[PDB]
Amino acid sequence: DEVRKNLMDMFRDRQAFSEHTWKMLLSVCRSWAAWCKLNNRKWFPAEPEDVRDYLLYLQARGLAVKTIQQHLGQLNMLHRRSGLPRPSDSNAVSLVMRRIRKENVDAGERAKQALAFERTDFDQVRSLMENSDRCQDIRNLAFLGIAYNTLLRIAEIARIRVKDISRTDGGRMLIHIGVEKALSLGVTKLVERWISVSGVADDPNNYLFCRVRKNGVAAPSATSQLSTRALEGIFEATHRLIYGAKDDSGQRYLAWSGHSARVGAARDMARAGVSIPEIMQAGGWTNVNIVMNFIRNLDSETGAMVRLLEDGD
């Protein structure tokens, strides 16, 4: 680690890449480094046949193609940055990444996706929570409403500041995102409750969402945001609420997570006949391929042909 760490420390501007990206670079580098160590190989610069065997090593441990792509990519970076040929540009490496994929496009392994939080889900949760006078519930129900209505990422929701909210037609809220997002009358109402009870509106620089301790005492803040982990947890808790704990099969997506609402909303708009430009606008997509992929798991069956044949649309 230290070695991995201190060696790096350079790339002049940390700011050259994202903190999220520097994080992954380190993990990979640490990973690659331990391996090279154990197997007595040269860490940097990296030899292709070694990179190739390192990926195979990842594959042989059960890692996704996407995870392997990651380790490869960060490795490619180091080299590229430090002005050296890219492991990727190595017949050996090219070849493995190809062998590894086929192996699974064949194998039937495909990228997963968060368990959808759809309208039926939202409705049910409201049936259970709308009446609650518990701060936590008032907060979380508003959070889910926004998540579902706006399709924003948890990192976007967490950074909403009270000053980002305005009103539009019919008094619905308007949330400005670095883009503007409109809430329905009902979601606006839930958010207004969270707002009146919480106190966040006391300082417009206050983040719309904040902690609520066991006291049930809220703690508005313009400097600290609820972690994305916390937001994930609201999803999970809510899941638990209606379905009880999860089995220990150890696999992802057994409960709702941070993308559940973005996934579900997308599916809801698609199943409802909504057009691609509108869908794109609802979630802020700019690529048709990216959005169509994101909705790769439409879960209802729309019977466009039945409708057409029955002339009943």
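Quick note: we count residues from 1 along the sequence shown, nothing fancier.
Going from residue 178 to residue 179, the model skips 10 or more deposited residues, which lack coordinates. Stretches 151-159 and 127-135 differ in mean C-alpha B factor, with the higher average recorded for 127-135. Checked against the record, the higher mean CA B factor of 142-150 and 234-242 lies with 234-242. In the PDB entry, the Cα temperature factor peaks, among 72, 105, 218, 208, at 105. When the C-alpha B-factors of 229, 189, 101, 213 are read from the PDB record, the largest value belongs to 101. Among the modelled residues of its chain, residue 89 has a C-alpha B-factor that falls in the highest third according to the deposited record. Looking at the C-alpha B-factors along this chain, the one for residue 67 belongs to the lowest third. When the modelled residues of the chain are ordered by C-alpha B-factor, residue 256 sits in the lowest third. In the PDB entry, a CA B factor belonging to the lowest third of its chain's modelled residues is recorded for residue 268. Annotation for residue 76: CA B-factor lies in the highest third of the chain's modelled residues.
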